[PDB]
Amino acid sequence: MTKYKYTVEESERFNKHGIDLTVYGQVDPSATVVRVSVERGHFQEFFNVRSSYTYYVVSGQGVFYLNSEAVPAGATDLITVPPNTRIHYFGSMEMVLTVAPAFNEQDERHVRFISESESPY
């Protein structure tokens, strides 16, 4: 009766601000986990008032901007962003993202769009 396994085939998959998201559909108040694929960048800056965003970099190389501070990131690195921190990133990377407490779109806040020319990837 209990669903333990979620697959890519059954996931919701869409593009948002230059990234390709795989949202498995996990429901759990403690955290939710998604895949993020980025070719050149996440061309938007945002923050989340409630949840920490933890990015594990599966492959590739990029750079996060966290409250405007550059944080280089590469394969096998863990990037740990606390709540209420402005986020954007450039790069060519495959990542696994944890949002803890569970992602709620109501908690996210748009700061600005970013020109695609700003990414050096």
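Note that residue numbering begins at 1 and tracks the sequence as displayed.
Undergrad: Going by the average Cα B-factor in the PDB entry, point out whether 7-15 or 109-117 comes out higher.
TA: Averaged over C-alpha atoms, the B-factors run higher in 7-15.
Undergrad: In the PDB entry, which of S30, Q26, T54, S51 has its C-alpha at the highest B-factor?
TA: Comparing C-alpha B-factors across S30, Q26, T54, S51, the top value belongs to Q26.
Undergrad: Name the third of the chain's ranked CA B-factors that contains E45, choosing lowest, middle or highest.
TA: Middle third.
Undergrad: How does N104 rank on Cα B-factor within its chain, lowest, middle or highest third?
TA: It falls in the top third of the chain.
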